[PDB]
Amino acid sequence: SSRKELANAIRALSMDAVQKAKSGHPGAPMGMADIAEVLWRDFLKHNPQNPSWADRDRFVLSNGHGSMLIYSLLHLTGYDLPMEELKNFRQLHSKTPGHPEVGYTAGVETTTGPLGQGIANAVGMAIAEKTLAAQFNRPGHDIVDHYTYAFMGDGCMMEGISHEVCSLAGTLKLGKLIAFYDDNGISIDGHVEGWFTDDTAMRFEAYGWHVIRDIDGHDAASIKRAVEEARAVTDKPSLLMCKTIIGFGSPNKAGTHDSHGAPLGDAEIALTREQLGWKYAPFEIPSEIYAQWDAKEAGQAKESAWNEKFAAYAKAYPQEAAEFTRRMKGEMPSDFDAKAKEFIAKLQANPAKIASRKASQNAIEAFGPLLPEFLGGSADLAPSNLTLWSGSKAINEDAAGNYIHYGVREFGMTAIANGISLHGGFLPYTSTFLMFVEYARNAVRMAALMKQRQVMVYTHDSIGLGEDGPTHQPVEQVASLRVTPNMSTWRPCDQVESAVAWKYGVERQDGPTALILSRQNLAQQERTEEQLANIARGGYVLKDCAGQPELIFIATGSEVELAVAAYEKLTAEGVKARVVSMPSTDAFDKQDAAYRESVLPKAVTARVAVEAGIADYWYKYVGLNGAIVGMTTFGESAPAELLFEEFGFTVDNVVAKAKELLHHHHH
């Protein structure tokens, strides 16, 4: 078959699968099919029989609405994605969801769709390859050597996150990152010139990319040459400007917004088959076309050759090879649990009244020698977020390092880190002031959706940061994280809870962990052995009374010290009180009903929550017959100690609110 005929198999499967679903996006798959045919058949290094091969090239579809493009490619090249799944595009529990999802589908590297995040993930995958190669390759033994290819469209280009990640990719000289821009002139509102007029090539050359202009994206020879030229440029990421016709093949919808995001229609599909010369019925592919598309034999040969390389590496570098395997599998060192528990126990025995940001740095320092897989960073806040430890080495200084200066790029940082976690080999941590989780908010959500391990270090968590004022002082951000499916959020009250939360985060394989950390010093609380072990249960009894309490304080973070002081005052007056420390609501909620009842007994309705954050969250635990000492407004610019007083975070106010609550219960 000709290359065009082979590309037309993608066009047919895509338009037909969209038509059967009565839903989806035929335009981009049809527009990019010729580019995909060249990339996948002539360049991509992959094995359909082992999508987890450590040294495979990575492909990312940033314009993820064009999901039938990737499903067509995976099916045609021989991945475990049968035709029946393509017939079930966009149907419940299929392996072909409307936007591609990692883990749903053999060979899908990342979950994309939200525009711009795929190219960010690709930048992270390329950072991961470069860093892993620098750490592990040895003379005569280049066990890490693979490309990262991304497809992206006008939407990804317009999004700010593309500026963040492509600027940084230029700084880091990511020569194995090769992106293809689907330059088709169309977006949902119509012809893009009304709203998008950049000289995109000039923009990317400003970032330090190698840019190939004016590629005919429907001419295989032109595409091939461009890819060869990009793979030969080793010191700059490459952008291939591919002029395409959206909906290529459709006489009436090609080149129109109408092809973007709805089925073409049966009549138009018939005309499209006639224009393309594609005779096969829907979901029909002849054996000769499979024979030309299939990648099993070549992929086997390539992976077998790599396995020989790796065996030779392991003979020469046995400990390094064992580390490579461990890290690519995402496994933890066998002695990490015991060492981390020893550190936590030492902290409990050796109080220190320090900020939880500093307790976080101390945990990084303790873990760093044990976790060479860390690839950490901050969005231009290293000296404030406290993300450097003595063993940190920035990768812009030495490519075998373990630290990234992300710059002022919170969203890009977080989505890059998603790419790092998806690549394998690393455990990323990212950091900014908590407020600016709002800049990165959907990338945080994507980490949770993709079930990725990433520790998110968010410092300066409340009005306790003081004078920078309400644009910086979080109020409602923690509550937003707490209600995010599969998110873990920890607001430790002292250096011990901080170390427990760090341990929890690095050991959490199936989703991310946000640490909510103070600027100001936090008192260490006394704990028995059981209480120390109970921190990891998310909520636990810290102070108690004999018999059923008539009042339970529930507090987090910096406010535990205040709640304990109120408990002491009330206890001295004969009130039966309890304090619950709730460092993680999500972990608490995952405990069984008996444990949760033991901490928050249903008989006790006089519950007082204390937290320098939005009050409305806490109805979940205090109900309608309690009290909340929380924030209900934005903050103010002033010294923190004056803010806590003004907003009611004082022993006198907490005691008064508790006594008022009890008075109402009594009368």
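Take the two forms, superpose them, and find the largest set of C-alpha atoms that agree within 1.5 Å; that set is the rigid core. Heads up: residue numbers just count along the shown sequence, starting at 1.
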### Task
Using RMS Cα distance over all structures and residues, flag whichever of 264-272 and 591-599 lies farther from this form in 6 other deposited structures of this protein after a core fit.
591-599
### Task
Using only the Cα atoms and their B-factors as the entry lists them, report which of 495-503 and 542-550 averages higher.
542-550
### Message
Highest mean C-alpha temperature factor of the two stretches 591-599 and 137-145, which is it?
### Response
137-145
### Task
Compare the CA B factors listed in the entry for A355, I246, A169, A312 and report the winner.
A312
### Message
Among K569, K176, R445, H460, where is the Cα B factor highest in this entry?
### Response
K569
### Query
What third of its chain's C-alpha B-factors does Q452 belong to: lowest, middle or highest?
lowest
### Ranked C-alpha temperature factor of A321 among modelled chain residues, by third
highest
### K95 CA temperature factor, ranked by third within the chain
highest
### Message
Considering every modelled residue of the chain and its Cα B-factor in the PDB entry, is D219 in the lowest, middle or highest third?
### Response
highest
### Task
Give the position of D616 by CA B-factor within its chain, expressed as the lowest, middle or highest third.
highest
